[PDB]
């Protein structure tokens, strides 16, 4: 997901502005749905929500717009159990042997004969939660096992939290409401208001460990592999309690990253660190936020946001609609030099031409150079020390950069990586004259619709995720609900789309209508006021009631 909030110091109108670009599945339980909710006098919010939820998850009101991105904070901890040497179904806490609780669940299973048979399954549980096994990594032997404690299991506040957000007036009010309830499960919150405040919040439900406990309670090997693993044989490694927290064992709001500014804030699924590099966020628990090198999407955004020039709504919109593959900025120049140093290698001929013709984008008309670039980058990432300028923590926005072609070993592997990537591409059934849009589609009934965008790992702000199905790439997730909000005097001007349309049902008139528009990248008005809604020639109305 991407999110950009712009304040009074940077916006062309001196007012707030927000671009909401979450990246979510195009099917299933997390498929966004547009709606506008009003209880006259005390509620008026519009945006998108998830199936089953009677609140708006991402949206805007009279003076406020907000959105979310998935954070990098941990919302659970693994616990390595020290098993009783006499009994692998018992585990030790403070040297004392405790029994595992066993909960059996019964499942009805339909056979081909259509008969229902009953399957019983035992779920083993510790004081921390259920046991989990990753064969070859997290095993359950006679020495150790692993349990998982999910913080959001006790989060009964999630619905009230979004309902409260739906009622928020401005950025300050939104912040109060979110910090007071701590009901946001696992996302960042970014917002902007008419007054021109831009807010970033890493305010979610995060397991709390007092700072002095961390170096003793962590499992070094596992945390180095990105797992929030703790020592489960020590009672002192239980989540710390702070009466200020809305929930026992979670991190108090005062200790979570917040940035309130009037220039801008952004997030593309990296930590809170470089939300705005002018004011870096540091000094948090590793469970909360770390100073990791940012992904190409954030790096792209910051390259468009840094500076003194006023930001327009059009500028933010085109950050999405341009479909620029930003990772090509770091490697393609030197890759083309390589292609020039190796003319008449024959094996490299098709690839070097395609890469040279390529518009460095993931548009419908983008050439096969994108495909070659993708396969190459998948191999280039597996090479060791091939960046000319490796990551410099003093230059986190401009590094890494370039291919170290002045080192003969590197030049050897990069050319091999290219020849391999080329080989894979020629092998596949890709016709000549094939553009990216001919490849990436979304199926609607018996037809296809070409979809612009590419994988976010390649620095495409308009992130689109697809898998190979038959002759094509079928979109499964990515850019979904788009919302760009400004605050002119009349009221909120909201602009965007729901990329995959309102209905998942092929029989509906709204099964592919917005999808056709997304293909053409033609965003639309999101009507909010009574006058905007009345001005719609497609306006329909129905009043329903029934006895309670």
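Residue numbers count along the first chain shown, from 1. Throughout, rigid core stands for the largest set of C-alpha atoms superposing within 1.5 Å between the two forms.
Relative to the shown model and aligned on the rigid core, the C-alphas in 9 other deposited structures of this protein deviate most, among 231-239 and 425-433, for 425-433. Of the two segments 220-228 and 170-178, the one whose CA positions lie farther from the displayed form in 9 other deposited structures of this protein, once all are superposed on the rigid core, is 220-228.
Looking at mean Cα B-factors across 336-344 and 303-311, the upper value is held by 336-344. The deposited model assigns a higher average Cα B-factor to 480-488 than to the other stretch when 480-488 and 32-40 are compared. Per the PDB entry, 225 shows the highest C-alpha temperature factor of the residues 170, 144, 225, 179. Within the listed group 154, 398, 193, 234, the record reports its top CA B-factor for 398. Per the deposited record, the Cα B-factor of residue 150 falls in the lowest third when ranked against the other modelled residues of its chain. Among the modelled residues of the chain, residue 107 sits in the middle third by CA temperature factor in this PDB entry. Ranked against the other modelled residues of its chain, the C-alpha B-factor of residue 419 as given in the entry falls in the highest third. Per the PDB record, residue ranking by Cα B-factor puts residue 80 in the lowest third of the chain. Residue 474: CA B factor in the lowest third of modelled residues in this chain (values from the PDB entry).
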